[PDB]
Amino acid sequence: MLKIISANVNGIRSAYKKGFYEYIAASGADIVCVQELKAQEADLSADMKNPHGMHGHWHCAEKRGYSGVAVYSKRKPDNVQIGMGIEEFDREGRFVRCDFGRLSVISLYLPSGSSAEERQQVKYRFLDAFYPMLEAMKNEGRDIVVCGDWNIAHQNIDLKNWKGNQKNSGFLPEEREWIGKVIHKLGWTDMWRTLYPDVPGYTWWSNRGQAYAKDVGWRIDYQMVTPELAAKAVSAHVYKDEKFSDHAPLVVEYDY
DNA sequence: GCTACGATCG
DNA sequence: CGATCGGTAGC
């Protein structure tokens, strides 16, 4: 079985002190896509680049302790693409792609717009520039899994307080509509929602109040999958036995 | 300190 | 409903 994990680690150095390194192996994952390294290559230990002898490819931001994504895999990729090919966003290290024969897996960290209006605008620009990339990849006809933190909840079921967040970055009408377009217009499959139509499956919880304790969370981490491979998905779960971050790892198993 | 990233309650 | 009520990671 092909096990792919998507985990926003909220600082790889921090997560490695919480037991995330051991989790990489114990999970039995074949491919692990991580987001928010919050570190540059020089700050990464050998074990943070190639954990447990796994191959690894990362894209770090130009600013220190910020963003950054990576893809670890037991198998050696026959091709690697660091960045979207758009400087505006590659400055922030938000996109990595690895090709494994007929398969391709991406680690994505989509920009947040909650800090300020200017960052919301930047986020919308990212949607504009990434949408055509999703359409192209979809047209490749090959098996593709885009894991990562998309920073958008799609429907009411995807967050605890949908009524009160309709004017907040992450659940704005325009954003929800964008996700909807990716799924239906482009034809991508929200793997979790298709596997478990009724299960909320939150993957993130705010630091405010007692959000985590009360399970006041959002589902903003995805594995968007192409049709053929999506139909081969057998199960998935949000790992919460341990906590290495304010995000929880999203695990999906495929009958390849 | 800084940067950067909405649950609670009146 | 609108007003106010931010913990964390790394610099």
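For the numbers below, each heavy atom of this structure counts, side chains included, while hydrogens, waters and symmetry mates do not. Naming convention: chains lettered A, B, ... in sequence-line order (proteins, then strands); numbering from 1 in each chain.
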(request) Determine the contact category for A:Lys17: base if any of its heavy atoms lies under 4.0 Å from a base atom, sugar-phosphate if only primed atoms, P, OP1 or OP2 are that close, otherwise nothing. (result) nothing

(message) Measuring to OP1 and OP2 of B:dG6, would you say a side-chain N or O of A:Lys167 lies under 4.0 angstrom away?
(response) no

(message) How many whole angstroms separate atom OH of A:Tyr212 from atom P of C:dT8?
(response) 14 Å

(message) In whole Å, I'd like the distance from the NZ atom of A:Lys214 to the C1' atom of C:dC5.
(response) 13 Å

(request) Verify the contact: side-chain N or O of A:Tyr66 to OP1 or OP2 of B:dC5, cut-off strictly under 4.0 Å; return yes or no. (result) yes

(request) Would you indicate which nucleotide in C:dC11, C:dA9, B:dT8 comes nearest to any side-chain atom of A:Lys38? (result) C:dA9

(message) What is the distance, to the nearest angstrom, from the CG atom on A:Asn161 to the P atom on B:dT8?
(response) 9 Å

(request) Looking only at side-chain atoms of A:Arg119, point me to the closest of C:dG2, B:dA7, B:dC5. (result) B:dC5

(message) Please give the distance between the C1' atoms of C:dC5 and B:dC2 as a whole number of Å.
(response) 23 Å

(request) Grab the NZ-P distance between A:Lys63 and C:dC11 for me, whole Å please. (result) 13 Å

(request) Please determine, for the side chain of A:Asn207, which listed nucleotide (B:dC5, B:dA7, C:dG7) has the closest atom? (result) C:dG7

(message) By nearest atom, which of the nucleotides B:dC5, B:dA7, C:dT8 is closest to the A:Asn10 side chain?
(response) C:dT8

(request) Assign A:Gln210 to base, sugar-phosphate, or nothing according to its heavy-atom contacts below 4.0 angstrom with the strands shown. (result) sugar-phosphate

(message) Check the phosphate of B:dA4 against A:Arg64, side-chain N and O only, distance under 4.0 Å to OP1 or OP2. Yes or no?
(response) no

(request) Looking at every strand, decide which applies to A:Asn165 at a 4.0 Å heavy-atom threshold: base, sugar-phosphate, or nothing. (result) sugar-phosphate

(message) At 4.0 Å (heavy atoms only), tell me whether A:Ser112 reaches a base, stays on the sugar-phosphate, or touches nothing.
(response) sugar-phosphate

(request) Quickly work out the A:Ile12 CD1 to C:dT8 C1' distance and round it to whole Å. (result) 17 Å

(request) Find out whether the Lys NZ or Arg CZ of A:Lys63 is both under 6.0 angstrom from the six-membered ring centre of A:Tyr66 and within 45° of the ring's axis. (result) yes

(request) Examine A:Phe89 together with A:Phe95 and report whether their ring centres are nearer than 6.0 Å. (result) no

(message) Give me the distance, rounded to whole Å, that separates B:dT3 from C:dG6 when you measure between the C1' atoms they each carry.
(response) 14 Å

(message) Please check if the number of heavy atoms outside A:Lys240 that lie under 6.0 Å from its NZ is greater than 12.
(response) yes

(request) Assign A:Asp246 to base, sugar-phosphate, or nothing according to its heavy-atom contacts below 4.0 angstrom with the strands shown. (result) nothing

(request) Answer yes if the ring centres of A:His52 and A:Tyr21 are under 6.0 angstrom apart, and no otherwise. (result) yes

(request) Rounded to whole angstrom, note down the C1' distance from B:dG6 over to C:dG2. (result) 14 Å

(message) Are A:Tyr254 and A:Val238 linked, directly or through intermediate hydrophobic residues, by side-chain heavy-atom contacts shorter than 4.5 Å (ILVMFWY only)?
(response) yes

(request) Would you mind reading off the distance between A:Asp43 atom CG and C:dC11 atom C1', rounded to a whole angstrom? (result) 11 Å

(request) Report which part of the nucleic acid A:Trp204 touches: base, sugar-phosphate, or nothing (heavy-atom distance under 4.0 Å, all strands). (result) sugar-phosphate

(message) Tell me the interatomic distance from A:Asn168, atom CG, to B:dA7, atom P, rounded to whole angstroms.
(response) 8 Å

(request) Tell me, please, whether A:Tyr109 has A:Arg94 positioned over its six-membered ring: NZ or CZ under 6.0 Å from the ring centre and within 45 degrees of its axis? (result) yes

(request) Answer yes or no: does a side-chain N or O of A:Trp218 lie under 4.0 Å from OP1 or OP2 of B:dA7? (result) yes

(message) Nearest to the side chain of A:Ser14, heavy atoms from C-beta on, is which of C:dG10, C:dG2, B:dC5?
(response) C:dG10

(request) Send over the distance from A:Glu36 CD to C:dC11 P, rounded to a whole Å. (result) 14 Å

(request) Go through the N and O atoms of the side chain of A:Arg208 and the base of C:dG7, and report whether any donor-acceptor pair is under 3.5 Å. (result) no

(request) Could you tell me whether the side chains of A:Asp190 and A:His154 share a donor-acceptor contact shorter than 3.5 Å? (result) no

(request) Would you kindly compare A:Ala15 and A:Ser206 by the position of their nearest DNA chain C nucleotide and give the one closer to the 5′ end? (result) A:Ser206

(message) Does the structure show a Watson-Crick or G-U wobble partner for C:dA9, both distances under 3.5 Å? Name it, or say none.
(response) B:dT3

